[PDB]
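# coords please:
(chains A, B, C, D, E and F, ligands or ions: 2)
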Amino acid sequence: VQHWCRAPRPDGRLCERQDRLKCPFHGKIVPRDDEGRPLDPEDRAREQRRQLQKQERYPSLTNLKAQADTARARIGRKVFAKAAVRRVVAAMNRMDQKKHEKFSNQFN
Amino acid sequence: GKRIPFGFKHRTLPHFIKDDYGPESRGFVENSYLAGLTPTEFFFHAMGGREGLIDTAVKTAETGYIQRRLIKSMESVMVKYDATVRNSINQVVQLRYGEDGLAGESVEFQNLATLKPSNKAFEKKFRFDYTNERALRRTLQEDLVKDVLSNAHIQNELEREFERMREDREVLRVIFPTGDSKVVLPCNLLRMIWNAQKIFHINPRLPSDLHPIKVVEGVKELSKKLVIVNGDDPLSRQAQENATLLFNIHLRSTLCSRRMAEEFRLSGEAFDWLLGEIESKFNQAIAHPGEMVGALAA
Amino acid sequence: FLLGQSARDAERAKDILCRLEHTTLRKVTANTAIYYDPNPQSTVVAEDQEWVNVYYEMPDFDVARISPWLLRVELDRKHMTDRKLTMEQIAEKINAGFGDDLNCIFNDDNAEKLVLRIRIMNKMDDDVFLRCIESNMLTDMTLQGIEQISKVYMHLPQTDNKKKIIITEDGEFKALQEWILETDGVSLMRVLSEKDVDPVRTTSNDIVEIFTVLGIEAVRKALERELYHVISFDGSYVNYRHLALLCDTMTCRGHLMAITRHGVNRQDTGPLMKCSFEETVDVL
Amino acid sequence: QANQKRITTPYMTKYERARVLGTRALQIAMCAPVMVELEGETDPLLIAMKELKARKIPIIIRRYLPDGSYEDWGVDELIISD
Amino acid sequence: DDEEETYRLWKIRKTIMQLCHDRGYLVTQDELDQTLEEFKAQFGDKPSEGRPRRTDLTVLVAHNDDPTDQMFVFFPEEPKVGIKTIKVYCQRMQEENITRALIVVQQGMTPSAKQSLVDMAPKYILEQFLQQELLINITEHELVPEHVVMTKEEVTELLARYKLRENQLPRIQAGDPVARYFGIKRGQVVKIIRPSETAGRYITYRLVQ
Amino acid sequence: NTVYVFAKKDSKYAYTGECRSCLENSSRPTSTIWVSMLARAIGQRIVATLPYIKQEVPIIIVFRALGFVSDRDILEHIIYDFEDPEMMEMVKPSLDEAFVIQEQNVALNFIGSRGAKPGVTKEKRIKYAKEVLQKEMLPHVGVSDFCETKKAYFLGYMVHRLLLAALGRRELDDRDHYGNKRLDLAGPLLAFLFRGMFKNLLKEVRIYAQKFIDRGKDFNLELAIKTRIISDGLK
Ligand SMILES: [Zn+2]
Ligand SMILES: [Zn+2]
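Residues are numbered from 1 along each chain as shown, chains lettered A, B, ... in the order given. Ligands and ions are numbered 1, 2, ... in the order given. The coordinates are given below.
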């Protein structure tokens, strides 16, 4: 992993992250010079366009939707779904299938 | 399918030490049936034989069920007087029995001559040569040489037969992407050719009497006599084209005008007999209507 | 059947292989643990603290929203490479599936131990909750490939029956010794539509799935093929008329008909033949 | 069917041959007149074979076609092979 | 992420062009084979950001002998196409005065919408296709033979030849992959030509159901 | 009287360790008991299928109902060595499943509420559970009362064997091994018949004695004993 993210950080430092493909904090990794400008002018234009797009874009009573509208509720809905638990049980049963395969030579 | 299993606790028997993977321990019999078998080989051999016995004694039920089930499925399909194949409800199952409408007890393995040979070898072997007078003198009698070498009608006929064989080669290459010439077809043409040689004492050392245009024409009328899908309207003659495409390719190539002068050396009488023979032996291969092909297939 | 140069060199074929095979997260995870870390700046673990503080100082993702509860997961190298795969894509997938609620971060693919962290960031408590997330992630987070395709094999077929047969410029036939993939699950719909998967020759031995994906004449030819292979496996021989008649009887109505009381006894044969075959009382 | 065109095969099949011999033998066994000359035969089937070989059996074969029509051939019109 | 996308959209365009060519319409050979880079040039190579947009891709082709027999090809965008967009496209097709069309959904079609397709059939004929079932042109597969839809005159010649009723032919379900590709409907007879190893070539017929 | 851990591939139980118990004397037929481990929170939860209780029961309950109430006293009987972590986290989920029932009488209610007939007084319910856990569950360990430390050790052994089978430290029992089988010669078969037929003789003598005693009159043995019962039954 040789090429570095090298994007201009808000602190004036260039990123030293050694990711093969993408920077988690700067999107796709493009080759940058010692001062962080991408070598390809077209890549620089695309990055500038992406940055510009990103920059552009009974009350006194409790609302039950507050609990329903939260990350934890969403995750609980996703994981505790009948389909999801069924897939989990299937995978764990295949794990059981391997520990059933732990008797090769003998009768088992 | 595996060596003897460890039925004791990591032992095949109590005569061996544990975790013994040697050949003796898992059941390798290093004795002939004439030298005897030592007691452990006797036991392991008994186990193997028992597998065989149970197999013979437990396959049979399922196979019997399959036989019954297929029979009841297909039983009432039969070949009709229309030459079609139909079921009891009278719906079509096959417009012609087996896509060519022949019985199965009269076909036999044959071998397409033109499928495999290279383009140059096919050129060399199946293209009649009417220019070299040497070979024509060696193979054809004098008069035939005169006519074959002067006339241009004859020469064009021969070039047309080669054109048709080239077309056939491409059609075969389409049908048989893998180049296997083993195909099963009604009349055995190599054997009929050999028979005809023997019946008429065809000396392969003297120039022959057969006129190559006789070969071309006689084969054409023959191909017209071998009728599977009768009729005259366009649809019936397209069907008759298709039903015998491959027998006609094979016939037209083996029964060529060059092969027949360099390989078989038949004479005019022999050729007439051969054509009559192919016609009859073909006409006796056709399915007899009323044949119960469903029960036969099942 | 591979299409391009992938037929010849092994590496391209192996690329396509890993691009078909299903790779859930379990297959590429070494070990996991649910820690209790209130302060990211001071992890309980020492060996991770470097890249930890390399990430948490820069505030792209809030530290206040983060819960004290942690998942830490260990990836093992040789598995991690076998699928020609890197933490970037796994990070990507975990972002995709759960969205943004599940924070993820991960070190660089240089440390001897390949590590990344999924501590959440926003009935059952968070201790139970992160166990549920762990189980769900390990079970059904698809990283690659196509479900219901477990393994995928590769070989150069000795028998000409599977080799690539071509007509050279001289008109002579010549078989080629090239790369194939024999799988273990079946999803033909997807597997056809892929880069360098030859969509003209790749088949399957599962006639129903063909019949759904290719129609009724496709399944007629396929049914012929499977039967011929079963019968003539042991060198035996059976004429073709009989095999063709069985196949054509069995597809003559447009749908696949089974040779059973369900398919044979449900067509329009008239009551008496039906009662003869099976299930007499109901029929009559 | 128009008895001018006849689509059916001009050969006596094996089934038609078997049944022609069987019927004609049973009719000889019932003292019907025989059409050819007998040397010493008394088997009804040997005589039926003699008649068929000479093409003198007075039977017509009615060949039903799957549409519904039929064709009325004499056994002497049909090419017998065996 | 995007190159896959432009590749997919180009392939689907290619298979639809072959589809319309075999369904009998006029499609210039350039469209039968338009290489990927040409598509990128004409429509853009980043559809994901929206260059091209799927709405940019619609096709309109004209039948060979009859110029008024025309057929659309609409590419909606929402993976699960609602009834509303079906109303939109029906109005589109109605006002421009064409009677045939296609849809290429991505993830599916709302049950109300497939119901609207089915119920309104006698007025105009328009069919559903998926993305995934167009990335491959099935009629090139080695198993699937060469089907050929026959005209009514040929059918009556057929049934006069073999003196059989239509119900005495083997069937092909109207929802078959190849009936759908060919767009045949109940009552039509599709002729198959496949090569047989015992006869060379064999022609069979199938009535649609 | 020996514990056999099997596993059925197409099944809803990862494992099941049965014990076809039987008091050595031919007193009653064998009363089987199973101690299974539910298939794949989704942690593995061990349960037992006692005889004459209409439902499966978490084992930790069956330990509570035997008077070993605290959790640690139970893990003394199941886990003979507190160092192996893996078996401890194998037992953890099942020790959570029944955290709710924490005292002997509560667990005895829990068991006896399943059983004979729903609407029954409390004391009969606890007597029912106690009668089961003594007389019917693992008789070969002992039918007498105060056999509860023995019963607890044996049930802990059953669970130990199950947990080893799941952790893979021992092999699943083979069914066709003859060490596991017993040939059943004329003695045992004919004693099975005699036991049944003698029971029926005794019931018939009860009927006869009862009718004549109900009519206020004495009754003769020699007419009470319908001798043909044993004669013709064996014959
Ligand atoms: Zn960076
Ligand atoms: Zn960054």
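# just the helices in chain D please.
D:14-29, D:44-54 (DSSP state H).
# residues in contact with the longest one?
What it means is helix D:14-29. B:288, B:290-291, D:12, D:34, D:44-45, D:47-49, D:51-52, D:57, D:59, D:61, D:75, D:78, D:80, D:82 (CB atoms under 8 Å, 6 or more residues apart in numbering or on different chains). Quick note: C-beta positions are derived from backbone N, CA and C, even for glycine.
# Contacting chain E as well, which ones from those residues?
Filtering the contacts of helix D:14-29 for proximity to chain E by CB under 8 Å from any CB of the partner chain leaves nothing.
# Quick check: closest non-adjacent residue to the residue in chain D that chain E sits nearest to.
Closest residue of chain D to chain E, CB to the nearest CB: residue D:67 (4.5 Å). Leaving out its chain neighbours, the residue that sits closest to residue D:67 by CB to CB, 6 or more residues apart in numbering or on different chains is residue E:163, at 4.5 Å.
# quick one: the one you found and residue A:62, what's the gap?
Separation of residue E:163 from residue A:62 (CB to CB, to the nearest Å): 82 Å.
# Now do the helices in the stretch 1-150 of chain C.
Assigned by DSSP state H, counting those that start in this stretch, the stretch 1-150 of chain C shows helices spanning C:10-20, C:49-56, C:77-82, C:87-98, C:126-140.
# Likewise for the stretch 151-284 of chain C?
C:188-192, C:207-214, C:216-231, C:240-249, C:271-277, C:280-283.
# cool, chain F as well?
Going by DSSP H, chain F shows helices at F:59-64, F:71-78, F:85-97, F:104-113, F:122-131, F:148-167, F:186-214, F:221-224, F:228-234.
# And the contacts of the fifth one?
For helix F:122-131, the external contacting residues (CB under 8 Å, 6+ apart) are F:65, F:105, F:108-109, F:111-113, F:115-116, F:120.
# ok, 10 Å please
Outside helix F:122-131, the residues that touch it by CB atoms under 10 Å, 6 or more residues apart in numbering or on different chains are F:50, F:52-53, F:62, F:65-66, F:104-105, F:107-117, F:120-121, F:137, F:145, F:148.
# buried residues in that helix?
By neighbour count on 16 or more other CB atoms under 10 Å in any protein chain shown, the buried set for helix F:122-131 is F:125-126, F:128-130.
# just to revisit the earlier point, could you point out which of the helices of chain D sits nearest residue E:41?
helix D:14-29 (71.7 Å; CB to CB).
# So which bits of that closest one are buried?
D:16-17, D:20-21, D:24-25, D:27-28.
# out of the residues you listed, who's nearest residue E:43?
Residue E:43 lies nearest to residue D:16 out of the buried residues of helix D:14-29, by CB to CB, at 71.1 Å.
# Mind telling me which residue of chain D is nearest chain F?
residue D:66 (50.7 Å).
# Between the helices of chain D, which one is closest to residue E:33.
Once these are compared by CB to CB, helix D:14-29 is nearest, at 57.4 Å.
# Just the CA coordinates for that closest one, please, in CSV.
What follows is helix D:14-29, C-alpha atoms only, in CSV (Å, rounded to 0.1, in the frame of the first residue of the first chain):
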residue,chain,number,x,y,z
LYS,D,14,-46.9,-56.8,-39.7
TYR,D,15,-50.1,-56.3,-37.7
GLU,D,16,-52.3,-56.4,-40.7
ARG,D,17,-50.5,-59.5,-42.0
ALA,D,18,-50.9,-61.4,-38.7
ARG,D,19,-54.6,-60.6,-38.5
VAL,D,20,-55.2,-61.4,-42.1
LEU,D,21,-53.7,-64.8,-41.7
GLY,D,22,-55.6,-65.4,-38.5
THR,D,23,-59.0,-64.5,-39.9
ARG,D,24,-58.5,-66.4,-43.1
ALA,D,25,-57.4,-69.5,-41.3
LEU,D,26,-60.4,-69.4,-39.1
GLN,D,27,-62.6,-69.0,-42.1
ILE,D,28,-61.0,-72.0,-43.8
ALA,D,29,-61.5,-74.0,-40.7
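# Show me the strands in the chain, by range?
You didn't say which chain, so I picked chain A. Counting by DSSP state E, residue ranges of the strands within chain A are A:22-23, A:27-28.
# To clarify, I was referring to chain E.
E:59-62, E:70-73, E:80-81, E:100-104, E:108-109, E:125-129, E:146-149, E:171-172, E:189-194, E:202-208.
# Adding distance to residue E:34 and mean neighbour count, write those out as TSV.
As requested, the strands of chain E are exported to TSV (distance: least, CB to CB, whole Å; neighbours: other CB atoms under 10 Å in any protein chain shown):
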stretch	distance to residue E:34	mean neighbour count
strand E:59-62	12	17
strand E:70-73	15	20
strand E:80-81	26	18
strand E:100-104	17	21
strand E:108-109	28	18
strand E:125-129	20	17
strand E:146-149	24	16
strand E:171-172	32	22
strand E:189-194	29	18
strand E:202-208	32	21
